[PDB]
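The form deposited in one PDB entry is given below as one chain in structure tokens.
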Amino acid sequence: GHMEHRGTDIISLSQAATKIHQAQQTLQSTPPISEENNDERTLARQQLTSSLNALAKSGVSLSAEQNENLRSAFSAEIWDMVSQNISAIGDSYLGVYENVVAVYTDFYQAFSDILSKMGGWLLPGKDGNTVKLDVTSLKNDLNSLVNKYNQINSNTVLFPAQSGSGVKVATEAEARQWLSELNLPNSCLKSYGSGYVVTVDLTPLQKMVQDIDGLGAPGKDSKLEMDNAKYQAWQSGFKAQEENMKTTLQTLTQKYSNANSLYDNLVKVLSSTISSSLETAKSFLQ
């Protein structure tokens, strides 16, 4: 125990610092908006975990204070506990949030694509005080989106994260915990086979379709002639529902960001611990 090995400690600590910094760069730069991006993020966390596994085996020494920092933050042996703890947070918390954003991203794009058609569904009325709305084309497109995202598959499931040809499901209790965590309405909790899933919120779309039927029966052309005031009042209601979906997506992306920030704060604790150890290896008390 009397012979030092600063050279090898410097190499081992440097190696770990580098891998941790690379994983951090990935997790701060790569948005969780596609399967491909999330694969990159998951790989970055694997690279971090592996680096801590290697560091644990390297025999670098921790001071009492560094030891304590690690125990406190993550509540050879110490590094294995740290690796286990951060791995759980990455897989079970951050990785679920990443799936939530990617799934919602594509859903919301599908909605955006319908909004892009609305211009063509609003025509001149019989005179300057009236309009003609293609209520049939609009309702059909919304109902189609509802139908698509009312299914249970990888396009629709927020939790659990999906992969392979089955449907991964959770216990009701675990699913409700995520429902609460995500601040989603109760309609998002769905039974599937032996368990439960959490899916996208269709309620504003369904409300839109209801308000369309509320305007009254279309004419012979499947379109609805409307006085300007009535159209304006309907448009206000439609926008309100668009706002609801926008708000939902916003909550979810902010919560993802905070999950990513929580993981990053742990990474900072790692980097600071390793940096302090590197100073120790380089320092000579006179």
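By rigid core we mean the largest C-alpha set that fits within 1.5 Å across both forms. Start at 1 and count along the sequence shown; that's the residue number.
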Task: Between neighbours residue 76 and residue 75, residues that the deposited sequence lists but the model omits - done: 10 or more
Task: Comparing 220-228 with 29-37, the one whose average Cα B-factor in the PDB entry is higher - done: 220-228
TODO: Return whichever of 177-185 and 121-129 has the greater mean Cα B factor according to the PDB record.
DONE: 121-129
- [ ] Kindly indicate the residue among 113, 106, 201, 211 with the greatest C-alpha B-factor in the PDB record.
- [x] 211
Task: Out of 191, 144, 99, 156, highest CA B-factor residue - done: 144
Task: Chain-relative CA temperature factor third for residue 81 - done: highest
Open item on the list: Quick check on the deposited entry: does the C-alpha B-factor of residue 246 sit in the lowest, middle or highest third of its chain?
Closed with: middle
TODO: Could you tell me which third, lowest, middle or highest, the C-alpha B-factor of residue 286 occupies within its chain?
DONE: highest
Open item on the list: Sorting by Cα B-factor within the chain, modelled residues only, which third would residue 48 end up in: lowest, middle or highest?
Closed with: lowest
TODO: Within this chain's modelled residues, let me know which third the CA B factor of residue 252 belongs to: lowest, middle or highest.
DONE: lowest
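Here the subject shifts to the form deposited in another entry, a form of this protein not shown in this document.
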Open item on the list: Let me spell it out: fit the two forms on their rigid core, measure each listed C-alpha, and pick the one of 252, 44, 245, 224 that moves 2 Å or more between the shown form and the other one. Which is it?
Closed with: 224
Open item on the list: On a rigid core superposition, would residue 193 pass a 2 Å threshold for CA movement between the shown form and the other one?
Closed with: no
Open item on the list: After superposing the rigid core, is the C-alpha displacement of residue 166 2 Å or more between the shown form and the other one?
Closed with: no
TODO: Using a superposition on the rigid core, decide whether the Cα position of residue 183 changes by 2 angstroms or more between the shown form and the other one.
DONE: no
